[PDB]
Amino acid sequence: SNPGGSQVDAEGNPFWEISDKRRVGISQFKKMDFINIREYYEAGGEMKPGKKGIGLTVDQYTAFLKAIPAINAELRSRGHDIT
């Protein structure tokens, strides 16, 4: 357990796992923050970012948050349990 904190990748950046091979993480690049949702692969004893994924600006991410309730309603309509 580790309440409050998180995992950190080899670049020093926090990430949360969404599958065994997929991460959401926050990275700073050219002085802006990006919310990266990406596939990772293992090579040379290290986990590296793969080419399948996307990096959202904070505004893009904020717009994504705004859509979540509607997205959830659609998924439930299709028979999934979203809470």
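Start at 1 and count along the sequence shown; that's the residue number.
K.L.:
Which wins on mean Cα temperature factor, 70-78 or 18-26?
P.N.:
Mean CA B-factor is higher for 70-78.
K.L.:
When the deposited Cα B-factors of this chain's modelled residues are ordered and cut into thirds, is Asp33 in the lowest, the middle or the highest one?
P.N.:
Lowest third of the chain for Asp33's C-alpha B-factor.
K.L.:
Would you mind checking where the Cα B-factor of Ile54 ranks among the modelled residues of its chain, as the lowest, middle or highest third?
P.N.:
Lowest third, going by the recorded CA B-factors of the chain.
K.L.:
With respect to C-alpha B-factor, does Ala10 fall in the lowest, middle or highest third of the chain as deposited?
P.N.:
It falls in the top third of the chain.
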